[PDB]
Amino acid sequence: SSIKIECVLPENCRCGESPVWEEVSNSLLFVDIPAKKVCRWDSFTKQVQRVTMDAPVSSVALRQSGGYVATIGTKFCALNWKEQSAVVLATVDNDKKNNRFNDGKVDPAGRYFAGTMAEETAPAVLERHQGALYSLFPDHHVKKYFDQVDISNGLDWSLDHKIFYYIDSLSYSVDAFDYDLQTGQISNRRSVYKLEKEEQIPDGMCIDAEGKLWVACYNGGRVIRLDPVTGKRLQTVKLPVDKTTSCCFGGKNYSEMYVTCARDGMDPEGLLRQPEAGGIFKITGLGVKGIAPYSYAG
């Protein structure tokens, strides 16, 4: 049977990112990186709250003790939603001229993974290999996993908590590492899927309840479903906008997919071809469920 696609919020984000489903409020959290906004859309009332920060905010996540955590500039921060406040928990890449965090997600043991990159001086030009992947442990200690990253993007973990999947966008590949739940350690990087030319630039990524990976293709106007064990693409889902950035599952028992995208870098023309660009899209009828997001344990 067929899927259905709806722009549930035509937010016109410059670069909508980091969609996270908050089931306790039935809301979708997301960011708009250059507007420095963290946003929350209530799926029932249709209302959106936005809090404005003081630097680019590249990701947001749940925090078990209350409120949220976020990556703002090169800083791991705690976000007081009620007070619109951010306290710095830790900082990385102090030695970089101009890096910022990019994509981030909480692991199955409550560690906040997030990687960095150089800040695009120009869409889309950026210093090479200036990023690294980090994780914020519950005890506020930061681990550095590897560097030489171009653009740290999509990431998630296998359902048996033994594999970590990772996208550095300029590798045009989805990679895998062995992963240890008890220590947060990873090793033995190998490629699991190299994108075809029409799939363009791999961006955000999430896993589903069957263990398959869904990857947002920036400029490919699609998300693709991948089987990491066989290495084959299972399915392609095309969207009305080209600059699809990330994806997550949400709605009742995680049966719907939410997709973010970007308006930045669009020409006057494409804007008339894609007026919904930068919006939040919902996809129903996939027949697969995702899994709940994890919450930072510090």
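Each residue number is its position in the shown sequence, starting from 1.
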query: Mean temperature factor over C-alpha atoms, higher-scoring stretch between 206-214 and 94-102; finding: 94-102
query: Greater mean Cα temperature factor according to the PDB record, 36-44 or 266-274; finding: 266-274
query: Residue of maximum C-alpha B factor among 152, 171, 74, 135, per deposited coordinates; finding: 171
query: Maximum C-alpha temperature factor, selected from 248, 28, 53, 261; finding: 53
query: Chain-relative CA temperature factor third for residue 59; finding: lowest
query: Chain-relative CA temperature factor third for residue 185; finding: middle
query: Position of residue 222 among the chain's modelled residues by C-alpha B-factor, lowest, middle or highest third; finding: lowest
query: Third of chain Cα B-factors occupied by residue 20; finding: lowest
query: Third of chain Cα B-factors occupied by residue 280; finding: lowest
